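All remarks here apply to the structure that follows.
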Amino acid sequence: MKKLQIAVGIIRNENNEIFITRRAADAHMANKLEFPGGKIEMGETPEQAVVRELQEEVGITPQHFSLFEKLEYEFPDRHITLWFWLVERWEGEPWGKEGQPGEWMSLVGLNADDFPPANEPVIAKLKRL
Ligand SMILES: Nc1nc2c([nH]c(=O)n2[C@H]2C[C@H](O)[C@@H](COP(=O)(O)OP(=O)(O)OP(=O)(O)O)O2)c(=O)[nH]1
Ligand SMILES: [Mn+2]
Ligand SMILES: [Mn+2]
Ligand SMILES: [Mn+2]
C-alpha cells in the first residue's frame, strides 16, 4: 500500500493549551481533530517539513522544537510514520490559515477518541507532562 512520512506540530502555549485543527470532511481521517502537519517531501528533512507545514497550515514558524514521539501506524489503506514535534516557541499567531477550524484546547481536556487512533499514545504521554 501507500507508505508516508508525516510531520506534525504539537503547539503548546504557556497555559497548557494546544492549538488543534479539525480535518476536512473529505480527507483521510475526515472530521478528526489533529495536530497541524503533513507529508515530508522528497529533499526535505523531518525538521524542515514540520516548519513548512505549520507555516502553510496555521501561519507560524516553529523554533527550538523537539521530537516528542515518532511512531508507525497501519491504517486500513495506508501505512504512515508520524513525527510528533513538541513546539513551545514560535514566531506568529496560529490561525486557520487554510480556512480550517482551529482553536486552543486544554491539554487535560483532550479526548484521544477525537483524534486519529495513531495519536492515542502521544495524547496520553502529553497528559503526563
Ligand atoms: N496532520 C496530522 N495528520 C495526522 C495526525 N495523526 C494522524 O494519524 N495523521 C495522518 C492523517 C493523514 O493520513 C496524514 C496527514 O496528511 P495530511 O492530510 O495532513 O497531508 P497534507 O497536509 O500534506 O495534504 P496537502 O495539503 O499536501 O494536500 O497523517 C495528526 O495529528 N496531524
Ligand atoms: Mn502537504
Ligand atoms: Mn495536513
Ligand atoms: Mn498541509
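How things are named: the first chain in the C-alpha cells is A, the next is B, and so on; residues count from 1 in each chain; ligands count from 1 in the order shown.
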Residues near residue 67 in chain A, cut-off 7 Å, only C-alpha atoms, skip fewer than 3 positions along chain, as a list in words: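 In the requested form, the answer reads residues 84, 85 and 86 of chain A.
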Would you export the selected residues with N, CA, C and O atoms as an mmCIF file, in the first residue's frame, please?
data_model
loop_
_atom_site.group_PDB
_atom_site.id
_atom_site.type_symbol
_atom_site.label_atom_id
_atom_site.label_comp_id
_atom_site.auth_asym_id
_atom_site.auth_seq_id
_atom_site.Cartn_x
_atom_site.Cartn_y
_atom_site.Cartn_z
ATOM 1 N N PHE A 84 6.051 13.403 15.767
ATOM 2 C CA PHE A 84 5.348 14.361 16.623
ATOM 3 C C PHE A 84 6.370 15.304 17.243
ATOM 4 O O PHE A 84 7.124 14.905 18.141
ATOM 5 N N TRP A 85 6.387 16.552 16.776
ATOM 6 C CA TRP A 85 7.287 17.572 17.299
ATOM 7 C C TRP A 85 6.569 18.427 18.338
ATOM 8 O O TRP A 85 5.470 18.942 18.081
ATOM 9 N N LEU A 86 7.192 18.583 19.501
ATOM 10 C CA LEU A 86 6.680 19.472 20.541
ATOM 11 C C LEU A 86 7.191 20.885 20.270
ATOM 12 O O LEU A 86 8.402 21.123 20.283
#
Expected answer as a CSV table (one decimal) with C-alpha atoms, in the first residue's frame: residues within 9 Å of ligand 4, only C-alpha atoms and all ligand atoms:
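Output below, filename result_37.csv:
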chain,number,residue,atom,x,y,z
A,36,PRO,CA,-1.2,20.6,12.2
A,37,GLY,CA,1.2,18.8,9.8
A,38,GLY,CA,1.6,16.9,6.6
A,39,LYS,CA,3.8,14.8,4.3
A,52,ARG,CA,6.9,24.3,6.3
A,53,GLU,CA,3.6,22.5,7.3
A,54,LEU,CA,3.0,24.8,10.2
A,56,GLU,CA,1.3,26.7,5.4
A,57,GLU,CA,-1.5,25.4,7.7
A,98,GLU,CA,-6.2,27.3,5.1
A:76, A:14, A:93, A:8 ranked by distance to ligand 2, top pick (using only C-alpha atoms and all ligand atoms): A:8
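The helix (DSSP H, G or I) portion of range 31-69 of chain A consists of residues 46, 47, 48, 49, 50, 51, 52, 53, 54, 55, 56, 57 and 58 of chain A, with states taken from DSSP on the backbone.
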Dump N, CA and C atoms for the selected residues as an mmCIF file, in the first residue's frame?
data_model
loop_
_atom_site.group_PDB
_atom_site.id
_atom_site.type_symbol
_atom_site.label_atom_id
_atom_site.label_comp_id
_atom_site.auth_asym_id
_atom_site.auth_seq_id
_atom_site.Cartn_x
_atom_site.Cartn_y
_atom_site.Cartn_z
ATOM 1 N N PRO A 46 12.670 15.890 8.218
ATOM 2 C CA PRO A 46 11.509 15.977 9.121
ATOM 3 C C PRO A 46 11.404 17.320 9.826
ATOM 4 N N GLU A 47 12.545 17.923 10.192
ATOM 5 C CA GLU A 47 12.526 19.227 10.844
ATOM 6 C C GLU A 47 12.081 20.318 9.879
ATOM 7 N N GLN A 48 12.567 20.271 8.636
ATOM 8 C CA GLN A 48 12.118 21.244 7.649
ATOM 9 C C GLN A 48 10.637 21.065 7.336
ATOM 10 N N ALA A 49 10.158 19.821 7.323
ATOM 11 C CA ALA A 49 8.756 19.592 6.980
ATOM 12 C C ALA A 49 7.812 20.143 8.048
ATOM 13 N N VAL A 50 8.150 19.998 9.330
ATOM 14 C CA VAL A 50 7.209 20.487 10.336
ATOM 15 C C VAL A 50 7.159 22.008 10.298
ATOM 16 N N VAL A 51 8.290 22.658 10.006
ATOM 17 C CA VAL A 51 8.310 24.115 9.859
ATOM 18 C C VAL A 51 7.452 24.546 8.677
ATOM 19 N N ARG A 52 7.668 23.934 7.512
ATOM 20 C CA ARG A 52 6.885 24.291 6.330
ATOM 21 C C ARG A 52 5.400 24.020 6.540
ATOM 22 N N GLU A 53 5.057 22.849 7.090
ATOM 23 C CA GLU A 53 3.642 22.525 7.264
ATOM 24 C C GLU A 53 2.958 23.497 8.220
ATOM 25 N N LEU A 54 3.631 23.882 9.304
ATOM 26 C CA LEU A 54 2.993 24.824 10.223
ATOM 27 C C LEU A 54 2.892 26.216 9.608
ATOM 28 N N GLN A 55 3.881 26.611 8.810
ATOM 29 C CA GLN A 55 3.762 27.872 8.083
ATOM 30 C C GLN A 55 2.557 27.850 7.145
ATOM 31 N N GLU A 56 2.385 26.751 6.396
ATOM 32 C CA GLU A 56 1.278 26.662 5.440
ATOM 33 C C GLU A 56 -0.068 26.564 6.149
ATOM 34 N N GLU A 57 -0.158 25.710 7.168
ATOM 35 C CA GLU A 57 -1.479 25.389 7.698
ATOM 36 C C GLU A 57 -1.961 26.409 8.721
ATOM 37 N N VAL A 58 -1.076 26.950 9.563
ATOM 38 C CA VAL A 58 -1.510 27.812 10.658
ATOM 39 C C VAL A 58 -0.701 29.096 10.775
#
Go through A:87, A:95, A:110, A:115 one by one, measure the shortest atom-to-atom distance of each to residue 13 in chain A using only C-alpha atoms, and give the residue with the smallest value. A:87
Name the closest residue to ligand 3 among the candidates A:9, A:109, A:117, A:62; distances are taken between atoms, counting only C-alpha atoms and all ligand atoms.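 Smallest separation from ligand 3 among the options: A:9.
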Exercise: residue 107 in chain A partners within 8 Å, only C-alpha atoms, chain neighbours under 6 positions left out, as a list in words: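 Skipping anything fewer than 6 positions along the chain leaves residues 16, 17, 18, 126 and 127 of chain A.
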As JSON, numbers by chain, please: every protein or nucleic acid residue near ligand 1 (cut-off 10 Å, counting only C-alpha atoms and all ligand atoms). {"A": [3, 4, 5, 6, 7, 8, 9, 10, 20, 21, 22, 23, 24, 27, 28, 29, 30, 32, 33, 34, 35, 36, 37, 38, 39, 40, 41, 49, 50, 53, 54, 56, 57, 71, 72, 73, 74, 75, 77, 78, 79, 80, 81, 82, 83, 84, 98, 115, 116, 117, 118, 119, 120, 122, 123]}
Between CA of residue 106 in chain A and CA of residue 19 in chain A - distance in Å to one decimal: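 It comes out at 9.0 Å.
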Pick from A:89, A:31, A:44, A:11 nearest to ligand 2, counting only C-alpha atoms and all ligand atoms: A:44
Step one, run DSSP on the backbone; step two, keep only residues of range 79-110 of chain A assigned to strand (DSSP E); then write them as a list in words. residues 79, 80, 81, 82, 83, 84, 85, 86, 87, 89, 90, 91, 102, 103, 104, 105 and 106 of chain A
Give me a file of those residues, with N, CA, C and O atoms, as a PDB file, in the first residue's frame.
ATOM      1  N   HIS A  79       0.050   2.988   5.300  1.00  0.00           N
ATOM      2  CA  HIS A  79       0.964   2.918   6.428  1.00  0.00           C
ATOM      3  C   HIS A  79       1.671   4.260   6.546  1.00  0.00           C
ATOM      4  O   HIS A  79       2.200   4.766   5.553  1.00  0.00           O
ATOM      5  N   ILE A  80       1.654   4.857   7.737  1.00  0.00           N
ATOM      6  CA  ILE A  80       2.349   6.128   7.906  1.00  0.00           C
ATOM      7  C   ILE A  80       3.276   6.065   9.110  1.00  0.00           C
ATOM      8  O   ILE A  80       3.023   5.359  10.095  1.00  0.00           O
ATOM      9  N   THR A  81       4.379   6.790   9.001  1.00  0.00           N
ATOM     10  CA  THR A  81       5.259   7.074  10.122  1.00  0.00           C
ATOM     11  C   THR A  81       5.013   8.524  10.513  1.00  0.00           C
ATOM     12  O   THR A  81       5.099   9.413   9.659  1.00  0.00           O
ATOM     13  N   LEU A  82       4.674   8.748  11.783  1.00  0.00           N
ATOM     14  CA  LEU A  82       4.320  10.062  12.302  1.00  0.00           C
ATOM     15  C   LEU A  82       5.449  10.596  13.164  1.00  0.00           C
ATOM     16  O   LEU A  82       5.895   9.921  14.096  1.00  0.00           O
ATOM     17  N   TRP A  83       5.880  11.814  12.871  1.00  0.00           N
ATOM     18  CA  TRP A  83       6.890  12.512  13.653  1.00  0.00           C
ATOM     19  C   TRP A  83       6.173  13.594  14.450  1.00  0.00           C
ATOM     20  O   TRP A  83       5.738  14.596  13.873  1.00  0.00           O
ATOM     21  N   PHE A  84       6.051  13.403  15.767  1.00  0.00           N
ATOM     22  CA  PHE A  84       5.348  14.361  16.623  1.00  0.00           C
ATOM     23  C   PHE A  84       6.370  15.304  17.243  1.00  0.00           C
ATOM     24  O   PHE A  84       7.124  14.905  18.141  1.00  0.00           O
ATOM     25  N   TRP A  85       6.387  16.552  16.776  1.00  0.00           N
ATOM     26  CA  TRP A  85       7.287  17.572  17.299  1.00  0.00           C
ATOM     27  C   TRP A  85       6.569  18.427  18.338  1.00  0.00           C
ATOM     28  O   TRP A  85       5.470  18.942  18.081  1.00  0.00           O
ATOM     29  N   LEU A  86       7.192  18.583  19.501  1.00  0.00           N
ATOM     30  CA  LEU A  86       6.680  19.472  20.541  1.00  0.00           C
ATOM     31  C   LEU A  86       7.191  20.885  20.270  1.00  0.00           C
ATOM     32  O   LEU A  86       8.402  21.123  20.283  1.00  0.00           O
ATOM     33  N   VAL A  87       6.268  21.816  20.033  1.00  0.00           N
ATOM     34  CA  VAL A  87       6.575  23.172  19.598  1.00  0.00           C
ATOM     35  C   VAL A  87       6.106  24.116  20.693  1.00  0.00           C
ATOM     36  O   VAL A  87       4.898  24.317  20.871  1.00  0.00           O
ATOM     37  N   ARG A  89       7.843  27.277  21.271  1.00  0.00           N
ATOM     38  CA  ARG A  89       8.232  28.625  20.908  1.00  0.00           C
ATOM     39  C   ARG A  89       7.988  28.780  19.417  1.00  0.00           C
ATOM     40  O   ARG A  89       8.274  27.862  18.647  1.00  0.00           O
ATOM     41  N   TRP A  90       7.423  29.915  19.010  1.00  0.00           N
ATOM     42  CA  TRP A  90       7.206  30.109  17.583  1.00  0.00           C
ATOM     43  C   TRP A  90       7.094  31.589  17.282  1.00  0.00           C
ATOM     44  O   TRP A  90       6.834  32.408  18.166  1.00  0.00           O
ATOM     45  N   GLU A  91       7.297  31.913  16.011  1.00  0.00           N
ATOM     46  CA  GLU A  91       7.005  33.242  15.501  1.00  0.00           C
ATOM     47  C   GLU A  91       5.600  33.214  14.918  1.00  0.00           C
ATOM     48  O   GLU A  91       5.262  32.305  14.154  1.00  0.00           O
ATOM     49  N   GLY A 102      -9.671  25.922  13.778  1.00  0.00           N
ATOM     50  CA  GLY A 102      -8.541  25.768  14.665  1.00  0.00           C
ATOM     51  C   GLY A 102      -8.834  26.470  15.970  1.00  0.00           C
ATOM     52  O   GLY A 102      -9.411  27.561  15.963  1.00  0.00           O
ATOM     53  N   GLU A 103      -8.465  25.868  17.094  1.00  0.00           N
ATOM     54  CA  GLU A 103      -8.629  26.572  18.360  1.00  0.00           C
ATOM     55  C   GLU A 103      -7.697  25.988  19.409  1.00  0.00           C
ATOM     56  O   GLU A 103      -7.158  24.889  19.257  1.00  0.00           O
ATOM     57  N   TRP A 104      -7.522  26.758  20.478  1.00  0.00           N
ATOM     58  CA  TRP A 104      -6.732  26.327  21.617  1.00  0.00           C
ATOM     59  C   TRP A 104      -7.564  25.389  22.481  1.00  0.00           C
ATOM     60  O   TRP A 104      -8.735  25.667  22.768  1.00  0.00           O
ATOM     61  N   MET A 105      -6.964  24.275  22.883  1.00  0.00           N
ATOM     62  CA  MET A 105      -7.647  23.247  23.654  1.00  0.00           C
ATOM     63  C   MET A 105      -6.792  22.901  24.858  1.00  0.00           C
ATOM     64  O   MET A 105      -5.598  22.651  24.701  1.00  0.00           O
ATOM     65  N   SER A 106      -7.389  22.875  26.054  1.00  0.00           N
ATOM     66  CA  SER A 106      -6.607  22.487  27.228  1.00  0.00           C
ATOM     67  C   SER A 106      -6.060  21.083  27.031  1.00  0.00           C
ATOM     68  O   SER A 106      -6.757  20.195  26.536  1.00  0.00           O
TER      69      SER A 106
END
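Put simply, CA of residue 59 in chain A is 22.7 Å away from CA of residue 26 in chain A.
With only C-alpha atoms and all ligand atoms as the atoms that count, the residue of A:12, A:99, A:42, A:124 with the shortest distance to ligand 2 is A:42.
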Ranking A:113, A:1, A:60, A:45 by minimum distance to residue 94 in chain A and counting only C-alpha atoms, which one comes first?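 Of A:113, A:1, A:60, A:45, the one nearest residue 94 in chain A, counting only C-alpha atoms, is A:60.
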Between CA of residue 128 in chain A and CA of residue 114 in chain A, what distance in Å does the model show, to one decimal?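 Result for CA of residue 128 in chain A versus CA of residue 114 in chain A: 18.7 Å, one decimal.
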